[PDB]
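Comments concern the structure below.
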Amino acid sequence: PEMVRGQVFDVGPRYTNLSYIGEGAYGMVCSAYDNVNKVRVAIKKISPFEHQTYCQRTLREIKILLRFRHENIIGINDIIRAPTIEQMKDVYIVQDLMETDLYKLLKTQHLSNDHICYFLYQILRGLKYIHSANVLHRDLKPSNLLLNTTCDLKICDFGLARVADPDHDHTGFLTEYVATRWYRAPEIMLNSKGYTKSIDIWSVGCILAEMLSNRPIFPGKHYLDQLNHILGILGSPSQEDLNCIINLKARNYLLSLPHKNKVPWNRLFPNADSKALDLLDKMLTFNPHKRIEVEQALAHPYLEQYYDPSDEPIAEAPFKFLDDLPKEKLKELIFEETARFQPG
Ligand SMILES: O=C1NCc2ccc(-c3nc(NC4CCOCC4)ncc3Cl)cc21
C-alpha cells in the first residue's frame, strides 16, 4: 500500500499519486489521481473503531452525505475499506478535490463586495438544503467552505452534524460544547445544546463578518471569553432578551456585567455595503428566537441579484430521530452503510 507520513494510505489501484493535505483529530486527508473518472480527487482516512463517539460521528457523516445531493455540499464519490469487518481498520472517503478553502483565501486575499455576496449566497443556498433535511451542520467556519478556481463553494465536514431537536435544546450555564469556539452562538455558553437551526445562522453571520474584514469578528481565547467578545460588539442584552433566559445562573451572570454599548456595524466595517450590514445584524442577533432564518436570509435585499427560490432546492427525504449503541454495533452499521461501494 501507498505510504504518506508514516501512515498507510491504502487506496489503490483506482487511486494513485498521493499528496498530503492535512489531518483531523482521528484521520488524514490526501489528494490522489482517480484512474477511472480521469481527475484528481480528495480522500479522507478515518480510523474510528476504537471509540464509540468517533464511530457515531463517522456513521452520521456518511449517512448524511450519502443522502444529500446539492451543488453547494461536498458529496461522497466513493468509499474504500477492506472486504470484511475483521480486516476493516480504516475507511477512506473519496470526494471532489477543491482548490482551496475560505480560511486560506481570507488569510491572503481581499474579497470584493461581489465575491462576498456570491460566497454568502452559496453558503445560504447549501444551508437551506441542509436545514430542509432537519439537519444542523453545527461547525460552519471558513475552513469548512471549500472553493474551486471559479469560486464555486461547497460546505464540507459533517462530523458534528445532528438531526435538529429544538424541544430538547435547553441546558445549564457554562455547559461544555464541541464546535469551534469563534463561531459559537452566545446561547451555547448560556442555555443551549446547539440543537436548533439558529446555531448555524449565527456561524454564517460570523463568516460574513470575517469576509468583510479578513479577521474573525469574535476571536475568544476560551469558553467564557467567547461571550465577552460577543457582548463587547452587540452590547448588553435587552430586558426582553434576558426574560427568555429562564436559567438563573445564566441570567444572573448577564445581570452582573456592567453596561456595554452596541458597536455600530458601519464603524466596524466602514467599507461594507449597507445591505450586507443589515443582513449581518439580523444573523448576529443575540436572541436566537429573533435571529433570521435561512430562507429569510436568502430573500434579503443584499442577495437580490441571486435570489431564486425555484433554484434553491430542498431535500427530498429529511431525517428523523441512535446514541446508546456500542462501538461494535456501530462498526457493523458503518460496514453496512459503505457496502454499496465495494466490488461485488
Ligand atoms: O471533511 C474534512 N475535514 C478536514 C478536511 C480537509 C480537507 C477537505 C477537502 N479539501 C479539499 N481541498 C483542499 C486543498 C488544499 O486547500 C484546502 C482544501 N478538497 C476536498 C476535500 Cl473533501 C475536507 C476535510
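Within each chain, counting starts at residue 1; across the C-alpha cells, chains are named A, B, ... in the order shown, with ligands numbered 1 upward in that order.
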
Residues within 7 Å of ligand 1 should be enumerated using only C-alpha atoms and all ligand atoms and returned as a PDB file with N, CA, C and O atoms, in the first residue's frame.
ATOM      1  N   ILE A  21      -2.600  16.672   2.417  1.00  0.00           N
ATOM      2  CA  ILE A  21      -3.317  17.949   2.509  1.00  0.00           C
ATOM      3  C   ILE A  21      -3.246  18.411   3.962  1.00  0.00           C
ATOM      4  O   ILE A  21      -2.612  19.426   4.256  1.00  0.00           O
ATOM      5  N   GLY A  22      -3.899  17.667   4.845  1.00  0.00           N
ATOM      6  CA  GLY A  22      -3.946  17.954   6.274  1.00  0.00           C
ATOM      7  C   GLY A  22      -4.419  16.753   7.065  1.00  0.00           C
ATOM      8  O   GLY A  22      -4.520  15.654   6.509  1.00  0.00           O
ATOM      9  N   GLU A  23      -4.715  16.936   8.360  1.00  0.00           N
ATOM     10  CA  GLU A  23      -5.281  15.847   9.147  1.00  0.00           C
ATOM     11  C   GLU A  23      -6.106  16.322  10.337  1.00  0.00           C
ATOM     12  O   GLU A  23      -5.628  17.123  11.142  1.00  0.00           O
ATOM     13  N   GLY A  24      -7.344  15.818  10.426  1.00  0.00           N
ATOM     14  CA  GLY A  24      -8.197  15.970  11.600  1.00  0.00           C
ATOM     15  C   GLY A  24      -7.745  15.121  12.771  1.00  0.00           C
ATOM     16  O   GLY A  24      -6.783  14.355  12.654  1.00  0.00           O
ATOM     17  N   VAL A  29      -6.227  13.597   5.502  1.00  0.00           N
ATOM     18  CA  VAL A  29      -6.761  13.862   4.151  1.00  0.00           C
ATOM     19  C   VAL A  29      -5.634  13.976   3.125  1.00  0.00           C
ATOM     20  O   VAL A  29      -4.647  14.643   3.405  1.00  0.00           O
ATOM     21  N   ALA A  42     -10.063  14.103  -3.655  1.00  0.00           N
ATOM     22  CA  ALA A  42      -9.695  14.217  -2.265  1.00  0.00           C
ATOM     23  C   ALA A  42     -10.100  12.917  -1.563  1.00  0.00           C
ATOM     24  O   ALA A  42     -11.161  12.366  -1.861  1.00  0.00           O
ATOM     25  N   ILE A  43      -9.245  12.423  -0.657  1.00  0.00           N
ATOM     26  CA  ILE A  43      -9.519  11.213   0.109  1.00  0.00           C
ATOM     27  C   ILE A  43      -9.247  11.431   1.580  1.00  0.00           C
ATOM     28  O   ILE A  43      -8.138  11.818   1.936  1.00  0.00           O
ATOM     29  N   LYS A  44     -10.239  11.167   2.425  1.00  0.00           N
ATOM     30  CA  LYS A  44     -10.104  11.257   3.877  1.00  0.00           C
ATOM     31  C   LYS A  44      -9.991   9.863   4.536  1.00  0.00           C
ATOM     32  O   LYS A  44     -10.928   9.087   4.426  1.00  0.00           O
ATOM     33  N   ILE A  74     -20.417  19.156  -0.333  1.00  0.00           N
ATOM     34  CA  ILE A  74     -19.489  18.163  -0.791  1.00  0.00           C
ATOM     35  C   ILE A  74     -20.209  16.769  -0.750  1.00  0.00           C
ATOM     36  O   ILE A  74     -20.912  16.430   0.187  1.00  0.00           O
ATOM     37  N   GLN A  95     -13.911  12.226  -2.229  1.00  0.00           N
ATOM     38  CA  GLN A  95     -14.734  13.405  -2.511  1.00  0.00           C
ATOM     39  C   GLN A  95     -14.083  14.233  -3.609  1.00  0.00           C
ATOM     40  O   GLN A  95     -12.890  14.050  -3.897  1.00  0.00           O
ATOM     41  N   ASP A  96     -14.864  15.143  -4.244  1.00  0.00           N
ATOM     42  CA  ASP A  96     -14.311  16.077  -5.260  1.00  0.00           C
ATOM     43  C   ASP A  96     -13.159  16.841  -4.615  1.00  0.00           C
ATOM     44  O   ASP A  96     -13.271  17.231  -3.458  1.00  0.00           O
ATOM     45  N   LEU A  97     -12.057  17.004  -5.347  1.00  0.00           N
ATOM     46  CA  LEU A  97     -10.920  17.780  -4.891  1.00  0.00           C
ATOM     47  C   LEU A  97     -11.235  19.254  -5.191  1.00  0.00           C
ATOM     48  O   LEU A  97     -11.555  19.586  -6.321  1.00  0.00           O
ATOM     49  N   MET A  98     -11.150  20.094  -4.188  1.00  0.00           N
ATOM     50  CA  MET A  98     -11.336  21.538  -4.317  1.00  0.00           C
ATOM     51  C   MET A  98      -9.987  22.207  -4.215  1.00  0.00           C
ATOM     52  O   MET A  98      -9.065  21.652  -3.636  1.00  0.00           O
ATOM     53  N   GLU A  99      -9.870  23.386  -4.809  1.00  0.00           N
ATOM     54  CA  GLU A  99      -8.597  24.124  -4.937  1.00  0.00           C
ATOM     55  C   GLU A  99      -8.172  24.686  -3.565  1.00  0.00           C
ATOM     56  O   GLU A  99      -7.003  24.601  -3.180  1.00  0.00           O
ATOM     57  N   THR A 100      -9.134  25.274  -2.798  1.00  0.00           N
ATOM     58  CA  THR A 100      -8.779  25.936  -1.577  1.00  0.00           C
ATOM     59  C   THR A 100      -9.951  25.949  -0.614  1.00  0.00           C
ATOM     60  O   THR A 100     -10.950  25.313  -0.903  1.00  0.00           O
ATOM     61  N   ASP A 101      -9.825  26.628   0.506  1.00  0.00           N
ATOM     62  CA  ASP A 101     -10.971  26.840   1.375  1.00  0.00           C
ATOM     63  C   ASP A 101     -11.036  28.323   1.756  1.00  0.00           C
ATOM     64  O   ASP A 101     -10.070  29.079   1.498  1.00  0.00           O
ATOM     65  N   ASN A 144     -14.301  25.044   6.619  1.00  0.00           N
ATOM     66  CA  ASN A 144     -15.234  24.046   6.147  1.00  0.00           C
ATOM     67  C   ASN A 144     -15.999  24.517   4.920  1.00  0.00           C
ATOM     68  O   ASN A 144     -17.018  23.878   4.568  1.00  0.00           O
ATOM     69  N   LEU A 146     -15.259  25.003   1.096  1.00  0.00           N
ATOM     70  CA  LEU A 146     -14.274  24.726   0.044  1.00  0.00           C
ATOM     71  C   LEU A 146     -14.627  25.515  -1.215  1.00  0.00           C
ATOM     72  O   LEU A 146     -15.817  25.739  -1.489  1.00  0.00           O
ATOM     73  N   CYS A 156     -18.342  21.465   3.651  1.00  0.00           N
ATOM     74  CA  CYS A 156     -17.833  20.147   3.991  1.00  0.00           C
ATOM     75  C   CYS A 156     -17.825  19.963   5.505  1.00  0.00           C
ATOM     76  O   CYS A 156     -18.195  20.866   6.264  1.00  0.00           O
ATOM     77  N   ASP A 157     -17.461  18.740   5.911  1.00  0.00           N
ATOM     78  CA  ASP A 157     -17.243  18.331   7.300  1.00  0.00           C
ATOM     79  C   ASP A 157     -18.519  18.282   8.111  1.00  0.00           C
ATOM     80  O   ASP A 157     -18.828  19.198   8.839  1.00  0.00           O
TER      81      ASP A 157
END

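By chain and then residue number, the residues within 10 Å of residue 169 of chain A are residues 188, 191, 192, 193, 194, 195 and 196 of chain A, counting only C-alpha atoms and disregarding those fewer than 6 positions away in sequence.
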
Residue subset to file, keeping N, CA and C atoms, as a compact mmCIF listing (two decimals), in the first residue's frame:
# COMPACT_ATOMS: atom_id res chain seq x y z
N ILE A 188 -24.99 29.13 23.39
CA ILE A 188 -24.24 27.89 23.76
C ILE A 188 -23.63 28.01 25.16
N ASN A 191 -27.42 28.65 27.71
CA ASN A 191 -28.51 27.72 27.96
C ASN A 191 -28.89 26.82 26.79
N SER A 192 -28.05 26.65 25.78
CA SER A 192 -28.43 25.88 24.59
C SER A 192 -27.42 24.77 24.33
N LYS A 193 -27.92 23.61 23.97
CA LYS A 193 -27.15 22.47 23.45
C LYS A 193 -26.82 22.57 21.92
N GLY A 194 -27.23 23.63 21.23
CA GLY A 194 -26.94 23.74 19.80
C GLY A 194 -27.72 22.74 18.95
N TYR A 195 -28.94 22.47 19.38
CA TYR A 195 -29.87 21.61 18.62
C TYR A 195 -30.93 22.35 17.82
N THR A 196 -30.80 23.66 17.56
CA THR A 196 -31.76 24.39 16.73
C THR A 196 -31.00 25.03 15.58

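The smallest atom-to-atom distance between residue 60 of chain A and any of A:173, A:307, A:26, A:321, using only C-alpha atoms, is found for A:321.
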
Q.
Give me the residues near residue 79 of chain A as a ChimeraX atom specification, where near means some atom within 7 Å (using only C-alpha atoms) and where sequence neighbours in that chain fewer than 6 positions away do not count.
A. /A:91-94,338,341

Q) Looking at only C-alpha atoms, which of A:238, A:317, A:248, A:204 is the one that sits closest to residue 281 of chain A? A) A:204

(Q) Please identify the helix (DSSP H, G or I) residues within segment 78-300 of chain A (assignment by DSSP from backbone atoms) and present them as a PyMOL selection string. (A) chain A and resi 102-108+113-132+142-144+166-168+181-183+186-190+198-213+223-234+239-243+248-256+265-268+274-283+294-298

Q) Which polymer residues have any atom within 12 Å of an atom of residue 299 of chain A, counting only C-alpha atoms, with same-chain residues fewer than 4 positions away left out, as a PyMOL selection string? A) chain A and resi 121+124-125+128+279+292-295+303-309+312

Q: Find the residues around residue 276 of chain A up to 9 Å (only C-alpha atoms counted), leave out those fewer than 3 positions away in its own chain, and share them as a PyMOL selection string.
A: chain A and resi 113+116-117+208+272-273+279-281+301-303

Take the residues from that selection and put them in a file with N, CA, C and O atoms, as a short mmCIF file (atom, residue, chain, number, x, y, z; two decimals), in the first residue's frame.
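Written out: part.cif:
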data_model
loop_
_atom_site.label_atom_id
_atom_site.label_comp_id
_atom_site.auth_asym_id
_atom_site.auth_seq_id
_atom_site.Cartn_x
_atom_site.Cartn_y
_atom_site.Cartn_z
N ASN A 113 -16.88 43.19 -2.75
CA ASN A 113 -18.27 43.00 -2.35
C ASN A 113 -19.00 41.98 -3.24
O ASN A 113 -19.86 41.26 -2.74
N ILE A 116 -18.07 38.51 -1.91
CA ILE A 116 -18.75 38.33 -0.60
C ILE A 116 -20.17 37.91 -0.81
O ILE A 116 -20.64 36.93 -0.22
N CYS A 117 -20.84 38.63 -1.68
CA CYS A 117 -22.24 38.38 -2.00
C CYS A 117 -22.45 36.99 -2.57
O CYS A 117 -23.32 36.25 -2.12
N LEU A 208 -19.69 35.93 7.46
CA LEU A 208 -19.92 37.15 6.70
C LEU A 208 -19.07 38.28 7.28
O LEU A 208 -18.40 39.00 6.51
N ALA A 272 -18.04 48.38 4.03
CA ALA A 272 -19.06 47.41 3.70
C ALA A 272 -20.31 48.02 3.06
O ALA A 272 -20.69 49.14 3.36
N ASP A 273 -20.94 47.25 2.16
CA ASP A 273 -22.28 47.51 1.63
C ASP A 273 -23.31 47.61 2.77
O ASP A 273 -23.36 46.75 3.62
N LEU A 279 -28.09 42.66 6.80
CA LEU A 279 -28.25 41.20 6.88
C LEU A 279 -27.37 40.65 8.00
O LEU A 279 -27.82 39.80 8.79
N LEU A 280 -26.11 41.13 8.11
CA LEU A 280 -25.23 40.76 9.19
C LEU A 280 -25.91 40.96 10.56
O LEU A 280 -25.86 40.08 11.45
N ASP A 281 -26.53 42.12 10.74
CA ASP A 281 -27.20 42.45 12.00
C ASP A 281 -28.26 41.41 12.34
O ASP A 281 -28.41 41.00 13.49
N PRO A 301 -32.62 41.80 0.75
CA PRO A 301 -32.17 42.65 -0.37
C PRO A 301 -30.69 42.56 -0.77
O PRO A 301 -30.39 42.70 -1.97
N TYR A 302 -29.78 42.28 0.17
CA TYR A 302 -28.37 42.11 -0.21
C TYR A 302 -28.15 41.08 -1.29
O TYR A 302 -27.26 41.25 -2.15
N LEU A 303 -28.97 39.97 -1.23
CA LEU A 303 -28.83 38.83 -2.14
C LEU A 303 -29.77 38.88 -3.39
O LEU A 303 -29.90 37.88 -4.08
#

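Candidate residues A:274, A:16, A:214, A:175 were compared for distance to residue 38 of chain A, and the nearest is A:16, using only C-alpha atoms.
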